[PDB]
């Protein structure tokens, strides 16, 4: 309970929190970069190559063998853009119907869809699901294709596991995409979307739980995109912790549309 010992108590909190934030940010960055590579893989080996080198078996094998490259992701998949005019054709060729994510039921008529055609086996239940039939995923698809860049959702409970996480989506464009394209041109040139699920609830707990001093510290991560409406991304905020001291560590997950932060406290 001494002074000066409590200067050091805070010094250790600051160092522990800052290190955890740097680890989370670095590992997410590594994962985004490898998802970018997979988007380029689909472009080069599925679209550009005549004939395609990628079937479901191939995508499953390659993604399984490279899972270690994407540490915070529970799975990756590729969804192809399908406009309604094309839907009957697409379904006949694939020998399956486009399904809704809420029920796995045949999709109602929509202007367009994003059905998963390739999946890592860890997320095999995504196959044939229209990723535009979930609101988080729909919004991410639109912003991915309009901006040309990787985008993140708000935190929400993922399919099957119901774990609290965030989704990462990258656009894949046709070779007809003009140089210095307008948004309207990006949309017209969209082939599909390469997505991954950051299972924060399971995988961030696994990362943090293996670190020395974990039992001493409470770690929470927030999506603070809207200042007046912070959203829990990781942690049990209700859980009892030391109310007298906290530290805020910076996080940058790389999507300028979203903002995040980590807050650490001692248990008692």
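If you superpose the two forms and keep the largest set of C-alpha atoms that fall within 1.5 Å, you have the rigid core. Residue numbers count along the first chain shown, from 1.
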> Relative to the presented form, and with the rigid core used for superposition, do the C-alpha atoms of 51 to 59 or of 26 to 34 deviate more in 6 other deposited structures of this protein?
Replying inline: 51 to 59
>> Among the other entries of this protein that were compared (only those with both neighbours built), does residue 242 lack coordinates in at least a third?
In response: yes
>> I need to verify one thing: averaged over C-alpha atoms only, is the B-factor higher for 6 to 14 or for 251 to 259?
In response: 6 to 14
> Quick one: higher average CA temperature factor, 16 to 24 or 242 to 250?
Replying inline: 242 to 250
> Highest Cα B-factor in the deposition, which of 137, 179, 185, 112?
Replying inline: 179
> Out of 54, 64, 216, 39, which residue has the highest Cα temperature factor in the PDB record?
Replying inline: 216
>> Please say which third, lowest, middle or highest, residue 159 falls into when its CA temperature factor is compared across its chain.
In response: middle
> Thinking about Cα B factors across the chain, which third does residue 197 belong to?
Replying inline: middle
> Considering only modelled residues of the same chain, in which third does the CA B-factor of residue 166 rank: lowest, middle or highest?
Replying inline: middle
> Can you tell me which third, lowest, middle or highest, the CA B-factor of residue 128 falls into for its chain?
Replying inline: lowest
> Should residue 237 be placed in the lowest, middle or highest third of its chain by the C-alpha B factor in the entry?
Replying inline: highest
